[PDB]
Each structure stands twice: as structure tokens, then as C-alpha cells.
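Just one chain is shown here, as C-alpha cells, and it is the form deposited in one PDB entry.
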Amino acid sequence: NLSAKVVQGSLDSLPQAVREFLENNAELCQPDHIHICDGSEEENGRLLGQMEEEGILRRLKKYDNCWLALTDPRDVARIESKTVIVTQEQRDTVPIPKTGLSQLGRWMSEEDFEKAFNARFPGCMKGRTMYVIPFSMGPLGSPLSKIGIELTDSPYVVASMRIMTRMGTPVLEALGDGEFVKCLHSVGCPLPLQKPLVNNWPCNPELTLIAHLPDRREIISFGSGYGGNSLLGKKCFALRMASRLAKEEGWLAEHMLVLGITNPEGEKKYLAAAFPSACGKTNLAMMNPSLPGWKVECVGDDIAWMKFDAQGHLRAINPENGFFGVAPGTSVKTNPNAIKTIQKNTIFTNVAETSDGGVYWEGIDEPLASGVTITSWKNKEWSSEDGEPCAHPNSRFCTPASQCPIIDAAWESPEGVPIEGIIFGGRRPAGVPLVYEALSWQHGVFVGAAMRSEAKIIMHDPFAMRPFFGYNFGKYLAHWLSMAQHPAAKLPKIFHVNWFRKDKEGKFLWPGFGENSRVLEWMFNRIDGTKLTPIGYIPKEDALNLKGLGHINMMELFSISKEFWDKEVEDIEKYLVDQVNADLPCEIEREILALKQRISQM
């Protein structure tokens, strides 16, 4: 009865668990066809083709196998306010803030979600093919990897998931009869359409909803076809759902880049890093280091799964297969390696396209030949005299990691890479030193918790996970804290960095970019064996390598003023106490207190 809708693969060759999941939602959504994805190149070809033919994608003829998708302007980003997590007890999902509404999550009762789902999903795929995407987060056959299944009515989702994950039949085989995350997605526009179609990009912003049910191990997403909303392995699974699993299983699912750094002598270390938006996260992941003799390799630019091995090493895998980076700002200057990565086999979204079939965006830093013209992401002829950008600010490239010219030899090792330092970061134009080191693990956890960052306004982003916590942030803090008790744990040095401090004239104090390799040099050697301060250790005078830099105003760059840090700790204590409240671990209350006492003596 359902086998007659299948246009590829076989119901019969599906694991029982998979088959039932599929049949259940195939029945509910009513797609005319079912297409079990085999992940093959030929399949990808025929999809790009179908998509080109349906007006969904357009090939960028300047490059080897590159494509452009343009969206409905109402559907251009991951959207927090339609994202929820569904649990029986709200408290499991978010803490109950003293004052008003939680900034740390968005809970929805199963009751309310029952009604919400039924108000969206039935018959939502009529007129459409449901694609079945089997995907592994992490190297195939890595004990650290977890498997998912995504049902979607979006060929864009399917082609992007081929890049951002390991996808295909080989995943069904590694999965066997075991567990997997159940991911359901629908652009929410059954045919015939009820509302007009813009840029051939089906979406339903009114009923848009991205919900996770951690207890049923499901991720259910409706109404958006974009990035974090539709590519379910990315934020929904790899951060939100993974954080829960990691909490149950004693490891860490985190919003961190991973890079390997080698010094001139050939000693290599892996470093992980968490940055809020607007910090050059991806730029750092592929850093071309300015110090002579040094090497930087990229393992991942977004998400890290970290688990202690038998030997006690905190090893990490990139659970992803590709980069989904923001395009605007990417240039040979800010990021040469990204530029080479995306030269082929790459899918772009809401970028501008030049008259000779290339891509374009603000900050690309690249003169156009004589009389070469530009079509904006709104599919309109564009000049630099329009005031408006040619590419949407959140526009993206979706590119294989394997194509990164500096990709790490072990970026795909099934055993992970040993992390020896965890870096937290922010954009603080004032107050916060370029770099400093935690006093302990416990104090380290608190530095993570205290993270704030500029976005005109200075906002809190604890661990850069604020939009991504899979469960109570309070219990998440306790989970990090317990990592120190893991038997034989070789715990990473914990650091905080800030590229963005400014002088009184509003000018940056640190040349940043490739020069940040001078900051990693400090971390590297600190890891191997400082000036003590109320916030942790900063470098000893003359410990930082400033050879070849101008005159750096170090004094001001590393100044720590009582007036500032009084205000800072007060803001941090108030935030954590209002927002985490009864779930705030007492060990954190002590770090606050300790900070306060060290500050009052200065």
C-alpha cells in the first residue's frame, strides 16, 4: 500500500525501526512519492537537475559544479522565536527565572505541542515527494558518531545534507537495527498552493515551528526551508539533541570550532573554541597564521563532540561533513582558505551573482572586470549606489570540508583528536583583556557561563550555546562541573579571548586576524608550563610575541580596572541569579563570590 509510492530504494531493505518511522509519517503527510536517498553522486546529479528544471537552483557557470539558491525574503535565517523544546516538566528544559521570561531556552508542553503539530503536519506533503535522508553525524564507524534519519519535502535540504553530513545507503548499514534520531521536516506548502510562491521557495512563516522532543528522540520542523531550521543534523541534532545525550552519557556536545596547531619544532596541539556571533569564528577555524614556522589546520568550524577516551584524553570529532559559513565578509584577506574551499562543488544561498556567472557579496574584496554586472539576492539588478546589500547578511556557502586546503589530517579520524585547551570568546570593545586563563576547571566553567558579547548592545551568551541548550542551563553547568571527576581526566586549560578591545579614540588595540597566532602561541606554551589577576592569569610582561607588529598599547589592552570589573561581576551575578535561579550550582555561586572578593581587594 505504501510500496507503490516509492520511486527509489526499497521499503524492504530498511531496518525495521526506520521503516516504521517512515511509514508512520508518510501516512500522516501524504506525499505523492517516497524517495529513499542512496547518497550517490548520480542521485545528486539528477536532483540538481530536477531543481534546475523546476526553477529552484541556478548553476554558477564560472565554477566547477556550483549552484545558487535564492529564498523567500521571509525565510532567510534560523529563527529562535519559533524554536522550542518539548518536555513533560518545563524545568528539565529551562530554569524558572525569578523575573519574567527565560533567555535560556523556550519550553512547550506536550499538550500544546500535540495541538500545534496536528495543526500543521497532516497532508502537508501532498503534491510533493518525501525524501528519506539517512545521515551520520561524525565519521562512519566512529564510536563517537550518532545516526539520524531526516524526512523532508525539500530537495534543497537533501542536497545540502549530502554536503553537511555523511549521507546515503552506507549509513543504513552502519546503523543496522540500532538507535537513531528521528528527524521530520516539511516546508509546509502542500500543492495546490494556498499562498503565492516567491523565488520558487516554499515556506510558511506564520506556522513556522522547530520543536525538539528529547524524550522521544525526535526533531520535528515545519514551515522553514532554511539552514538551522531545515538541515536538522546541524543545530537541532548536533547541539540541542546531542547536549541531552551527552549529558546522559558523560560527554560534551558543544558549539566550538576545532583546529590543530603545530609550532616550529613540530609539536602539535588541538584547540577548541566557542564564540558568539560577530567574532570571526569561522575565520579563526581556518586561520593563516602570521608567525613563522607555525601551522594551523582545520578540523571543524562550528560544532564539536568531546568525549574522554580510555586513556583520559578529551577527544573531539567534528560531527559535520562540511561548512555552512556566512558568506559576506569572506575574502582572500580575511579567509583565503575558505575562498579556495568553495571554488567547486558548493551550494550558495542568497548571494549575488555576477554577469559572468560567479558569486558576489559585501566584503568579498574583489574588483569586477570592465562592465561586469551584478544581480542581487532578491533577483534584481544591483549597483553599489542602492544603499542595500547585494547579498543577504545571513547568506551562506555550503561546501565540503574535504576541499579545505588546510583540512586536518585527522579531521575525519574515527577516534577523534585530543583537545588540550578550550577557548571562550567575545566582542568586548571595553574592559576585557585580549586574553586570559582560568584559575581552575571550576573557575573555567564560570568563565564560560559569564560570556557576554557585543551585538551596539552587549548581550549574554553563556558558552555561545544560549540559543542551543538542549536542557536546563543550570543542570548543564553541573554537567560541565562533573567532568572534573571523570576518572583520569586530562582536563584542557581554559582560556578567554577578545580580539575586539578599543582605545579611547574608538580604535582597536590588537591587529588581530593572522596575528592571533601570537595569542595561540601563548596558550600553547602555557599548556606546557603568567601574571595573576582578579580574573585569572594574563601574560607576563614581554611574554607575548609582538615581533613585526607596530607599537601595541599593551598596557591598555591588558588593563583590568576595578570600576569596570565591579560593574561586570555585578551584571554577571544578577544575570545568573535571576536567570538560573534555583538550578544555579552552588559551585558557581562560589566563583561569583570569589571573583567579587578578588575584585574588592584591588
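Just so we're on the same page, rigid core means the largest C-alpha set that superposes within 1.5 Å between forms. In this text, residue numbers run from 1 along the sequence as written.
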Q) Would you class the number of unmodelled deposited residues between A455 and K456 as none, 1 to 3, 4 to 9, or 10 or more? A) 4 to 9
Q: For the stretch from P196 to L197, please bin the deposited residues that the model skips: none, 1 to 3, 4 to 9, or 10 or more.
A: none
Q | Of 223 to 231 and 97 to 105, the one with larger mean CA B-factor | A | 97 to 105
Q | Selected stretch [higher average CA B-factor]: 171 to 179 or 277 to 285 | A | 171 to 179
(Q) Just to confirm, going by the entry's C-alpha B-factors, which of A77, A409, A488, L434 comes out highest? (A) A488
Q) Which has the highest CA B-factor per the PDB entry: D153, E320, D528, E297? A) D528
Q) Within this chain, which third does the Cα B-factor at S186 fall in: lowest, middle or highest? A) middle
Q. Going by the entry, which third of its chain does the Cα temperature factor of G45 land in?
A. middle
(Q) Could you place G325 in the lowest, middle or highest third of its chain by Cα temperature factor, using the values in the record? (A) lowest
Q. Lowest, middle or highest third: where is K567 by C-alpha B factor in its chain?
A. lowest
Q. Of the three thirds of its chain by CA temperature factor, lowest, middle or highest, which one includes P539?
A. middle
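Another form, the form deposited in another entry, is not on view; read the next lines as being about it.
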Q) In a superposition on the rigid core, which residue from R216, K115, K98, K507 has a CA displacement reaching 2 Å or more between this form and the one not shown? A) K507
